[PDB]
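J.: I'd like to ask some things about the structure below.
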Amino acid sequence: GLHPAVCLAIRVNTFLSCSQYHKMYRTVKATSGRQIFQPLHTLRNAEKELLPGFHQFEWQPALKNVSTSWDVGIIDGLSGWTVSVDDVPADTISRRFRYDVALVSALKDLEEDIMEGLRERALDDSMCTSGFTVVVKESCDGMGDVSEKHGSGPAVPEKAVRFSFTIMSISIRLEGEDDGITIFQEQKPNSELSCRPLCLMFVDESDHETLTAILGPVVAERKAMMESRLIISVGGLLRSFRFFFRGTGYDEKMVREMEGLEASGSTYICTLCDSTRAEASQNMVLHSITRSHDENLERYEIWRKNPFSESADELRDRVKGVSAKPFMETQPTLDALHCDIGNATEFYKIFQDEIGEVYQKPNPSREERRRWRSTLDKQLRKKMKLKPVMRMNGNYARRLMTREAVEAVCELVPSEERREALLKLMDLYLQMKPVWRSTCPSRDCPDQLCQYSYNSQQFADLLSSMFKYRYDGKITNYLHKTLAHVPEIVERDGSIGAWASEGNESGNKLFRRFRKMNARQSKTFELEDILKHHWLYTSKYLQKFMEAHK
Amino acid sequence: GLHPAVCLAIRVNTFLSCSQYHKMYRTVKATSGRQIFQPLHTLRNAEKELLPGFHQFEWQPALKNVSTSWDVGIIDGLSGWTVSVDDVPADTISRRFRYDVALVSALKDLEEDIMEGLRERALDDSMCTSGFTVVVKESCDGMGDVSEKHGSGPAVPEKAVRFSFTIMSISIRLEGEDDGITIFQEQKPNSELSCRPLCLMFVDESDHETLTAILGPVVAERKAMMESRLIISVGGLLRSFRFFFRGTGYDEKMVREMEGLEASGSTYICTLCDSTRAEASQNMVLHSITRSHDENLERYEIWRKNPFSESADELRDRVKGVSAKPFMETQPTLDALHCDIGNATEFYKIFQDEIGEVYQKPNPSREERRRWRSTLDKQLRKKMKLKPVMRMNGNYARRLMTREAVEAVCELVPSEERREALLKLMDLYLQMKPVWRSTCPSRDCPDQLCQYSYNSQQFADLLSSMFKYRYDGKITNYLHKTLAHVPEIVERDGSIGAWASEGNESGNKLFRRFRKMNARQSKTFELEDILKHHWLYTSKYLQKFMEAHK
Amino acid sequence: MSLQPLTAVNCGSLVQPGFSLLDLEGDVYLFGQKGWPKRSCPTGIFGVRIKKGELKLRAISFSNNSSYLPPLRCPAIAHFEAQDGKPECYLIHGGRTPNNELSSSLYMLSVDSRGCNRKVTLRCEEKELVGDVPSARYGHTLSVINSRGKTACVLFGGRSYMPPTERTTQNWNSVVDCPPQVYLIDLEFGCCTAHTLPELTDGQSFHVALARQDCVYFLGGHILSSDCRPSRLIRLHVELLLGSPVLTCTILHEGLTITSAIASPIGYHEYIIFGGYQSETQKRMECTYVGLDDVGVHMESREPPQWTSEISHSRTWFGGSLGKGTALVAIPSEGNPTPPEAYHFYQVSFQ
Amino acid sequence: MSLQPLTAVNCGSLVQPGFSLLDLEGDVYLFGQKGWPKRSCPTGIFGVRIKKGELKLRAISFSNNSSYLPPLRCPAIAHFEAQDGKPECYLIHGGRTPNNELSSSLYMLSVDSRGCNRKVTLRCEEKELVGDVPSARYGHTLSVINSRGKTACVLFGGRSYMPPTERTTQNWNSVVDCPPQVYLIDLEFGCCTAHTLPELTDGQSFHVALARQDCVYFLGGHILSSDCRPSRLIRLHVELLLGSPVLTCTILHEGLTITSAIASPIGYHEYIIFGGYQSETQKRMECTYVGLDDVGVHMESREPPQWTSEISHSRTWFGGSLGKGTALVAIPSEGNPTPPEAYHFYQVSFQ
DNA sequence: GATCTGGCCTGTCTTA
DNA sequence: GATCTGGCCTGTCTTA
DNA sequence: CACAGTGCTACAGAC
DNA sequence: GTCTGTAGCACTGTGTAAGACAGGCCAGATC
DNA sequence: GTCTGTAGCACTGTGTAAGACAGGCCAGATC
DNA sequence: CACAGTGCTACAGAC
Ligand SMILES: [Ca+2]
Ligand SMILES: [Ca+2]
Ligand SMILES: [Ca+2]
Ligand SMILES: [Ca+2]
Ligand SMILES: [Zn+2]
Ligand SMILES: [Zn+2]
């Protein structure tokens, strides 16, 4: 027949229901068998290797306020809620891996590609085992409209929050000098195939209470983890890794939550900057990134202690929009996806107002505005082959901003100066878009990158000149973020799109197909099973078997 | 090495995507292969047999207004709409099999089971081959919230209508003498495993113009087909079938809307009877089924032609509320599923009113309405382990109907004789339910069947006794239908609920998965390949292989 | 020459892509509606009142002695003017039933009573047709004519479903232009004479007919055989004598190419053709003026009301004439979720 | 005795299962909004007004002098009445914030200015505490005592999170009763003394404290170690004598078994205890009246208002006392689609 | 002044 | 008579 | 410059 | 000269509910 | 004495938008 | 008395 690993991957990775699989096994076995596939209890017994709580490890130095037991599998994330009626309810169900263990397993799964990258380097083996550096992109994103199960309890809200990480790179430093030396780098970080779920909850993003209860332990894990280095026995030899954690993958509403910022249409628009709406309307293209964790924490202590007995209206100016204590650090970085969606829906709005003559007659009614939307969408479908939309998905946001789509909505606006204007605007946008959305603009799109600031300059000048009526005292968060802090970001990182929300976000699709086909399904067990099965979906060891060396 | 048929059954029966499948084939073939599974192109010419437009057949006498070509496969159901701008636009995509061809393929696929039934009977197979009778339950039910695709054209509504059938039985009569003689009888008609799609459309149920344009051809071949008997070459010999078409699976609204009735809450409740609302208030258990196709047709010709020249009110009284010409013929029978849901929601409302004291204070405030809902659903979660619903699925109807579920509510109502009364009611209901739910009560549950009239009498008396305030001039359609015409139709069809909408409806779940896993995916081809792939899911030939013979 | 944007107020689910507008005795009633009539107004015919931009639809109730009508889609309307003994008539035949069929029966619809407060009962009367009956058809045209001095009627055009012998469930929904024979229908009695046309070697549809003084002008319409939209206009002239209603005809050199046109009367006999489709894609914007005199038809283009870019870009449009040089148009609309109103409206007027 | 339903009008999303009502100078102010304060009302505190069944929440505004407070969930409130220097104070300590940590910092909340129009500004003064600090804890209680004639405060009870040795990210979210050492906090200065007594074997939680005239009676709380709900009532008697605050205690024969009780003052020192709970499963319906005097505390049950079947059947319930023998109770409500308002309310009143 | 009939709002019911 | 605050209600915006 | 598909048709490569 | 695997083709599904701010003005307390 | 297949366990997903009828009453037009 | 699952654990049967 075949080895149970190949069998397992050929189950996990083609999405076969266990009962579906076993159905097939019985069939191939009975008819002309000489059974090929391996039975279920021997896949399950081939399983325990790939999940966490298996490979032994040790941390130097020992981790702060964390158990030293390395065998722990899927843990109910409630994490000791005493469920006393007298206290806050235990309502929410969750399951999570103990973060460090999820890590070492995730990573020892890369032992293959790390040793093969090491041999590509032709690098020394016995020497320089310990100088490693590991960079982990983590992401947390919520999901609504999830029905629930009748079940025995406890009562729980509809919406579900999926906290996940992915290993972006791993590199080496020793002996010294030599920058640091990449070994492994995720080739398609936006694939579902690489995103590792860690915590699964049923929670609404809105309630902060249970979100911080269940993600609290996780944070103490990272924070207590940064200082230590991990010691893993791999390729026969124990080796010490340093982990550098960048949370890059959040939507801004949730960034604003985790950092105590007021949200999301607030006068203080920038997560990374202190400018108000008006001051960001005046000078668009010139800004300097300030906001980060440590200063947000000191900022809150000012808002609370308030040593200058200053009044609220003005106090909020002095702390510059921080009303709450941030419970997590996220790197000061933009998200690519909702940037693309935010700008796309913007130009959808400008087009719409531009059909009708907005700047001649400044005060349109509900009805002319609804009618403008009707001719706009009718035209887009008629030529660009794009149906009208409920909400702007980034996929309609990619077919919306192209020169073709603009030139199909150029036919609409009678004024021949305006066609010039919005047409040239859109070309400015296509010139600056790849800058943030490509993986490493330093290579793929260098000449757009070097021209970005100047390019955004003609853009903002073009808005504040011709379109000003719409931009005078109001600018979307994203236009500002994208016309201001991107050169600074790619200088600091070098990449934006690679850190985008996709891999978290896109993985939600899997979650839905795992709450239906591979669920248990009852309230108690079922998160455990979605989570396990996710972890397998996303492991490399299985996916290596896909090509089968072509 | 599997036979390509067996492999194909593995594919469509375990829901494997072509690309998912071919993934599996490549993987098993590369590792240890010795490839087992058969390649794609050999499956694609493997099922040419199992689809329609393959086996040769002919009708005698030759069918009216239908072509004689038997090779026609999936046809675009627009069926020659000239799609000129000037005419009524063609906004709908559809695909359908030519009905007769779909039939002979269904039956040529039952060839196996009818030959093994004929042998089991020890009825000589070669002799007495011409006297067969085939009874086909057809069902048509629509589905909302199906998102359109960007695509090219044409513009099409969201809602989608799935028109199907299933072969209930096939039997024999000749030489003469005895009755007719069952051979094959569907053992689980309510399985989605046997529901054969025929016509797939994107149409809103509401617009009649398009629904009748597309289903118009289909009906014409039914009513041209009832007359002529079929000739198939099966078991080696030429044999002839009569077809008896029962449409039983329509839900109430659509029955009414294809029958020209006034839906759904109109004064004339019974689809099978002429009773008005208040007339069916006073008298309940005594009714006689009248409404039938030819009668509604003549009744329209009266409503239109109008020889007696009554005013609108009196005219609508004289035709008992037939305002429109029905086109399709539909059997006078009662759907089981929506009956179950309609009764459950009525008792849900009675509970709500017994939580509060409705008959003590007749005019309840709205705030207390909501308050009663909230304590009721609190109760049903604490006991019975149920969670509130917006629209009530029948599965919450099966947990609500039981007596021990009435027990958690009996604890809510302070009054003692009420608490006894509704408990008694619910036991009356459990006693009469199996009659119309079970497949064949003539055997499975005879004593409930014989006692049903007396049992319903008991019930309605109880209603008009303690509940009259709720029932004075108003009775839900299904309560009336179920307390009035059930004993009659069970005597007539012999059984009910075997004829339920269930076997159609369930299949909708497949239409959702088959529009994602196995869709093409683009507007043009998408219905074509869902429909094909559905048909293959339905075929017996494959499911036989998937049994693996114990 | 201008257009006011119109709100459909409540209940814009009624209007449908073909429909008809009956202007008789002041107010105009809409006719035909999506699907079968609903109990809200079972008659199927609504009064239309347009006030301060609002388009309001009202239920109309028939007289006890009248037949009830199916909501036809695209019938041939002929508005028969006041004279002995009984004005005012609308001859409706025969359209397409919402349950999809062609009805070959001819209705005479008219006014009965009012108000007592602003309510008009109407009466519908089927007419038995002695014949030699017209084949059931749609998009054909029908018009009233008076000769010396008696009055008869002229029916021609339209399509019909494939011949019932040749109609296959795959070709069922196909449709062909019915043959080119005119039917002279006396209003009473029910005698329908079918007449061949040496000049018309083809049938057509959607051809707007304008009838004055015992002569009937058929403006260009879509022919389905060669798929051409003839510029040639076709006039005919009907001779009613005892007892033979012999019929002549003639071709006119040059005329407008139009399909599904809206003829809105203005002057005595001067209608403006309001437009329709010129080709299978492009829709005629130009608004055109038509007088009819015994010399011939006098045709002058007129400066069309400037169209909002929405209707200038609309895939399709339709409407009807409220008469008095006033008319209504309707633009399908998209969005998400549903508007709900599938149609925006606009009101156009002359002078 | 009576209760009547309350509609929460707009903005019922503010209330969370623990919360606190501050009754001072007439109107009472809700405290401990759900989540972090929204810039609709950044202060965090709401005046509440109940008029004709409607429960309206108004946005308070702090004085510039004040520190701003996080929305603590389940703190120890001790109302300190009016006397020199600066009446009248609500001592809030320390609860737990909308992130999960325990404040362990005492705040003093007072009224400031009015109106102009029905407006009340407040001021929050956090006070530094040197010691011998109280361990960060929640659900403990705090009370105001005056011995000859100096006024000090008594702080005891409550859970806290597991100490940072046994603290583990799998047990991180567990709690435990913090040890039984009363803390005497002078209002000013910030000196916190920690004493322990042999009579107190264990720590409690949610134990309702009553305080009059240098004596403090703790009703039975909920002990987490042995999971009992003591029917032992606890009393202690402190007197402050230069330079030590000497302290004594006694157990009582009989005390109530209820946790999470609502004490609504009615008389001079007489309160009506509603009670949250008899046992872990089953909530207390019974209503009780509790007076206290120098001899001792005297208990009399009074007939509880007849509860609608909803609140009699609700698994959990909470609230606060508006004072003046008037109080509020709150019932979670399951419904679909979401109400959205999560909590029905009822107003209850004595005599 | 004061009907009538609509018209909408509200109101609920009954189906999906 | 006429403020001020609070009110909703609306009229928007921006993010999801 | 998201990414893994989604089935079928042609169009090349393989004994 | 059949068999076999892969690129064309156009397109999906996962991105989904709240809050902030500004102006009006009517209600209602304060004098 | 390991290996293997099947029944316990509780529960899902497909049942998801319109219309009818009743009473009041304000608007609004005759008269 | 819908019906095919949904994964795991015990509990029997098989060389
Ligand atoms: Ca989100
Ligand atoms: Ca999401
Ligand atoms: Ca339906
Ligand atoms: Ca359905
Ligand atoms: Zn900024
Ligand atoms: Zn009946």
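In the structure tokens, each chain is lettered A, B, ... as it comes, each chain's residues begin at 1, and ligands are numbered from 1 in order of appearance.
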Tell me as an MDAnalysis selection string which residues belonging to chain A come within 9 Å of chain J, counting only C-alpha atoms (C1' of nucleotides).

T.: chainID A and resid 17:20 516:521 529

J.: May I have the selected residues written with N, CA and C atoms, as a tab-separated table (two decimals), in the first residue's frame?

T.:
```
chain	number	residue	atom	x	y	z
A	17	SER	N	-13.47	14.25	4.76
A	17	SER	CA	-14.07	13.89	6.02
A	17	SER	C	-13.60	12.52	6.46
A	18	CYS	N	-13.23	12.40	7.74
A	18	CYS	CA	-12.87	11.10	8.30
A	18	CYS	C	-13.88	10.05	7.87
A	19	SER	N	-15.15	10.29	8.16
A	19	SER	CA	-16.14	9.33	7.71
A	19	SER	C	-16.09	9.24	6.20
A	20	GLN	N	-15.85	10.35	5.51
A	20	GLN	CA	-15.71	10.23	4.07
A	20	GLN	C	-14.51	9.36	3.73
A	516	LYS	N	-17.91	22.72	9.50
A	516	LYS	CA	-18.97	21.94	8.91
A	516	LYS	C	-18.52	20.51	8.66
A	517	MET	N	-17.49	20.31	7.88
A	517	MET	CA	-17.21	18.95	7.49
A	517	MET	C	-16.43	18.16	8.53
A	518	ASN	N	-15.41	18.74	9.14
A	518	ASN	CA	-14.57	17.98	10.07
A	518	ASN	C	-14.85	18.27	11.54
A	519	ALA	N	-15.90	19.02	11.84
A	519	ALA	CA	-16.34	19.23	13.21
A	519	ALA	C	-16.88	17.95	13.83
A	520	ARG	N	-17.03	17.99	15.14
A	520	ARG	CA	-17.42	16.85	15.94
A	520	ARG	C	-18.82	16.23	15.79
A	521	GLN	N	-19.97	16.94	15.87
A	521	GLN	CA	-20.13	18.36	16.20
A	521	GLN	C	-21.10	18.70	17.34
A	529	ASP	N	-11.57	20.14	17.71
A	529	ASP	CA	-11.36	19.37	16.50
A	529	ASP	C	-11.10	20.26	15.31
```

J.: I want to know what sits within 9 Å of stretch 5-11 of chain F, based on only C-alpha atoms (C1' of nucleotides), with residues of the same chain fewer than 2 positions away left out; could you give that as a list in words?

T.: residues 58, 116, 117, 118 and 119 of chain D; 24, 26 and 27 of chain H

J.: Using only C-alpha atoms (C1' of nucleotides) and all ligand atoms, which protein or nucleic acid residues are at most 10 Å from ligand 2, as a VMD selection string?

T.: (chain A and resid 140 to 144 160 to 162 250 to 251 501 to 502 504 to 509) or (chain F and resid 16) or (chain H and resid 14 to 16)

J.: Have a look at atom CA of residue D:240 and atom CA of residue D:182 and let me know their distance in Å, one decimal.

T.: 14.5 Å

J.: Can you work out which residues from chain A touch chain D at a cut-off of 7 Å (counting only C-alpha atoms) and hand them back as number ranges by chain?

T.: A: 65-67, 79-82, 85-86, 88, 207-209, 212-213, 217, 303-306, 309-312, 324

J.: Write out as a PyMOL selection string all residues of stretch 49-251 of chain A that backbone DSSP assigns to strand (DSSP E or B).

T.: chain A and resi 57-60+75-76+94-96+132-143+160-172+181-185+196-202+229-234+237-247

J.: Distance limit 7 Å, reference ligand 6, atoms considered: only C-alpha atoms (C1' of nucleotides) and all ligand atoms. Which residues make the cut? Give them as a PyMOL selection string.

T.: chain B and resi 269-275+287+289+480-481+484-485

J.: Can those selected residues be exported to a file as a PDB file, in the first residue's frame so that it contains N, CA and C atoms?

T.:
```pdb
ATOM      1  N   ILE B 269     -58.529  29.190   3.127  1.00  0.00           N
ATOM      2  CA  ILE B 269     -57.281  28.600   3.622  1.00  0.00           C
ATOM      3  C   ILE B 269     -56.927  27.326   2.881  1.00  0.00           C
ATOM      4  N   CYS B 270     -57.900  26.456   2.710  1.00  0.00           N
ATOM      5  CA  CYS B 270     -57.584  25.108   2.319  1.00  0.00           C
ATOM      6  C   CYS B 270     -57.250  25.138   0.847  1.00  0.00           C
ATOM      7  N   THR B 271     -56.114  24.565   0.522  1.00  0.00           N
ATOM      8  CA  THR B 271     -55.878  24.290  -0.868  1.00  0.00           C
ATOM      9  C   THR B 271     -56.780  23.166  -1.351  1.00  0.00           C
ATOM     10  N   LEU B 272     -57.181  22.259  -0.458  1.00  0.00           N
ATOM     11  CA  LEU B 272     -57.981  21.098  -0.807  1.00  0.00           C
ATOM     12  C   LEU B 272     -59.453  21.288  -0.535  1.00  0.00           C
ATOM     13  N   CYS B 273     -59.844  22.399   0.071  1.00  0.00           N
ATOM     14  CA  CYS B 273     -61.222  22.606   0.458  1.00  0.00           C
ATOM     15  C   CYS B 273     -61.613  24.063   0.276  1.00  0.00           C
ATOM     16  N   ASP B 274     -62.918  24.269   0.154  1.00  0.00           N
ATOM     17  CA  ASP B 274     -63.500  25.569  -0.154  1.00  0.00           C
ATOM     18  C   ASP B 274     -63.787  26.396   1.092  1.00  0.00           C
ATOM     19  N   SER B 275     -63.387  25.916   2.261  1.00  0.00           N
ATOM     20  CA  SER B 275     -63.774  26.569   3.497  1.00  0.00           C
ATOM     21  C   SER B 275     -63.083  27.915   3.638  1.00  0.00           C
ATOM     22  N   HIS B 287     -64.709  17.994   7.077  1.00  0.00           N
ATOM     23  CA  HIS B 287     -64.449  18.625   5.793  1.00  0.00           C
ATOM     24  C   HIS B 287     -64.276  17.572   4.717  1.00  0.00           C
ATOM     25  N   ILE B 289     -62.737  17.091   0.714  1.00  0.00           N
ATOM     26  CA  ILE B 289     -61.789  17.642  -0.239  1.00  0.00           C
ATOM     27  C   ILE B 289     -62.450  17.831  -1.594  1.00  0.00           C
ATOM     28  N   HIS B 480     -55.617  23.635  10.361  1.00  0.00           N
ATOM     29  CA  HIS B 480     -56.833  23.198   9.692  1.00  0.00           C
ATOM     30  C   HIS B 480     -56.555  22.029   8.788  1.00  0.00           C
ATOM     31  N   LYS B 481     -55.497  22.128   7.995  1.00  0.00           N
ATOM     32  CA  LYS B 481     -55.248  21.059   7.054  1.00  0.00           C
ATOM     33  C   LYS B 481     -55.051  19.759   7.787  1.00  0.00           C
ATOM     34  N   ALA B 484     -58.206  18.256   9.422  1.00  0.00           N
ATOM     35  CA  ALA B 484     -59.359  18.044   8.565  1.00  0.00           C
ATOM     36  C   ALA B 484     -59.089  16.995   7.500  1.00  0.00           C
ATOM     37  N   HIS B 485     -58.178  17.226   6.571  1.00  0.00           N
ATOM     38  CA  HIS B 485     -58.120  16.352   5.404  1.00  0.00           C
ATOM     39  C   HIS B 485     -57.111  15.208   5.529  1.00  0.00           C
TER      40      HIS B 485
END
```

J.: Determine which residues of stretch 358-513 of chain B receive a DSSP assignment of helix (DSSP H, G or I), computed from the backbone, and state them as a ChimeraX atom specification.

T.: /B:366-382,394-400,403-410,416-437,441-444,446-450,452-471,477-484,486-493,502-513

J.: Using only C-alpha atoms (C1' of nucleotides), select each residue of chain I with any atom at most 12 Å away from an atom of chain B, and give the selection as a list in words.

T.: residues 5, 10, 11, 12, 13, 14, 15, 16, 17, 18, 19, 20 and 21 of chain I

J.: Please produce a file of those selected residues containing N, CA, C and O atoms (P, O5', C5', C4', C3', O3' and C1' of nucleotides), as a short mmCIF file (atom, residue, chain, number, x, y, z; two decimals), in the first residue's frame.

T.:
```cif
data_model
loop_
_atom_site.label_atom_id
_atom_site.label_comp_id
_atom_site.auth_asym_id
_atom_site.auth_seq_id
_atom_site.Cartn_x
_atom_site.Cartn_y
_atom_site.Cartn_z
P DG I 5 -11.00 -2.95 8.89
"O5'" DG I 5 -12.51 -2.80 9.36
"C5'" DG I 5 -13.34 -3.92 9.32
"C4'" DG I 5 -14.54 -3.72 10.20
"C3'" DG I 5 -15.35 -2.47 9.88
"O3'" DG I 5 -16.70 -2.82 9.93
"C1'" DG I 5 -14.77 -2.48 12.16
P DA I 10 -26.17 11.44 24.80
"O5'" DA I 10 -25.97 12.76 23.90
"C5'" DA I 10 -24.90 13.68 24.19
"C4'" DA I 10 -24.85 14.81 23.15
"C3'" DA I 10 -26.19 15.45 22.81
"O3'" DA I 10 -26.02 16.86 22.60
"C1'" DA I 10 -25.19 14.63 20.87
P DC I 11 -27.25 17.80 22.14
"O5'" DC I 11 -26.98 18.08 20.59
"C5'" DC I 11 -25.69 18.48 20.16
"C4'" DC I 11 -25.61 18.63 18.64
"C3'" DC I 11 -26.87 19.13 17.99
"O3'" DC I 11 -26.53 19.98 17.01
"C1'" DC I 11 -26.21 17.20 16.93
P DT I 12 -27.57 21.08 16.57
"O5'" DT I 12 -26.96 21.64 15.22
"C5'" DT I 12 -25.57 21.53 15.00
"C4'" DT I 12 -25.29 21.11 13.58
"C3'" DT I 12 -26.13 21.85 12.57
"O3'" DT I 12 -25.31 22.55 11.73
"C1'" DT I 12 -26.10 19.52 12.13
P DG I 13 -25.92 23.77 10.92
"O5'" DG I 13 -25.43 23.46 9.48
"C5'" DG I 13 -25.43 22.15 9.08
"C4'" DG I 13 -25.71 22.07 7.61
"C3'" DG I 13 -26.49 23.24 7.11
"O3'" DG I 13 -26.45 23.24 5.77
"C1'" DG I 13 -27.93 21.41 7.42
P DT I 14 -26.93 24.55 5.04
"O5'" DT I 14 -28.38 24.16 4.52
"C5'" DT I 14 -28.57 23.86 3.17
"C4'" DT I 14 -29.94 23.28 2.90
"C3'" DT I 14 -31.10 24.14 3.29
"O3'" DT I 14 -31.34 25.10 2.30
"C1'" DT I 14 -31.49 21.80 3.76
P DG I 15 -32.00 26.51 2.69
"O5'" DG I 15 -32.61 26.28 4.17
"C5'" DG I 15 -33.93 26.74 4.52
"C4'" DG I 15 -34.91 25.63 4.24
"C3'" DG I 15 -36.40 25.95 4.39
"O3'" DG I 15 -37.03 26.06 3.09
"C1'" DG I 15 -35.80 23.79 5.22
P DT I 16 -37.69 27.45 2.70
"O5'" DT I 16 -36.61 28.43 3.38
"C5'" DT I 16 -36.08 29.57 2.71
"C4'" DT I 16 -36.44 30.84 3.47
"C3'" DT I 16 -35.80 32.08 2.91
"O3'" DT I 16 -36.77 32.69 2.12
"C1'" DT I 16 -35.63 32.02 5.31
P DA I 17 -36.37 33.71 0.97
"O5'" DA I 17 -36.49 35.13 1.75
"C5'" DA I 17 -36.66 36.41 1.07
"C4'" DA I 17 -38.15 36.72 0.82
"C3'" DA I 17 -38.52 38.20 0.76
"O3'" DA I 17 -38.32 38.71 -0.57
"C1'" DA I 17 -40.13 36.97 2.06
P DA I 18 -39.12 40.01 -1.08
"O5'" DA I 18 -40.53 39.45 -1.60
"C5'" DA I 18 -41.76 40.14 -1.26
"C4'" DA I 18 -42.93 39.17 -1.18
"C3'" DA I 18 -44.29 39.82 -1.04
"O3'" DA I 18 -44.85 40.03 -2.30
"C1'" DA I 18 -44.06 38.18 0.62
P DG I 19 -46.05 41.09 -2.46
"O5'" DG I 19 -47.29 40.44 -1.67
"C5'" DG I 19 -47.84 39.21 -2.11
"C4'" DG I 19 -48.94 38.80 -1.19
"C3'" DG I 19 -50.11 39.78 -1.18
"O3'" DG I 19 -51.29 39.11 -1.44
"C1'" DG I 19 -49.40 39.27 0.97
P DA I 20 -52.65 39.95 -1.56
"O5'" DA I 20 -53.36 39.63 -0.18
"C5'" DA I 20 -53.41 38.31 0.25
"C4'" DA I 20 -54.31 38.17 1.44
"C3'" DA I 20 -55.57 39.01 1.38
"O3'" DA I 20 -56.68 38.27 1.85
"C1'" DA I 20 -54.22 39.63 3.22
P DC I 21 -58.16 38.88 1.70
"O5'" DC I 21 -58.40 39.55 3.12
"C5'" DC I 21 -57.83 38.94 4.25
"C4'" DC I 21 -58.22 39.67 5.52
"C3'" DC I 21 -59.45 40.55 5.41
"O3'" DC I 21 -60.18 40.46 6.63
"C1'" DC I 21 -57.61 41.84 6.10
#
```

J.: Excluding residue A:258 and its own-chain neighbours fewer than 4 positions away, which residues fall within 6 Å of it when counting only C-alpha atoms (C1' of nucleotides)? Please give them as a VMD selection string.

T.: chain A and resid 326 to 328

J.: Take the residues from that selection and write them out as a CSV table (one decimal), in the first residue's frame, keeping C-alpha atoms.

T.:
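The result, stored in out_1.csv:
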```
chain,number,residue,atom,x,y,z
A,326,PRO,CA,-3.2,49.0,25.7
A,327,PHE,CA,-3.0,45.3,26.4
A,328,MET,CA,-0.7,44.3,23.5
```

J.: Rounded to one decimal, what separation in Å do you get between atom CA of residue C:1 and atom CA of residue C:255?

T.: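 Atom CA of residue C:255 lies at a distance of 22.8 Å from atom CA of residue C:1.
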
J.: Using only C-alpha atoms (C1' of nucleotides) for the distances, tell me which of A:346, A:368, A:47, A:317 is nearest to chain F.

T.: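 Checking each candidate against chain F, we get A:346 as the closest.
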
J.: What does the structure give for the distance between atom CA of residue A:246 and atom CA of residue A:535, in Å to one decimal?

T.: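 Computing it gives 20.7 Å between the two atoms.
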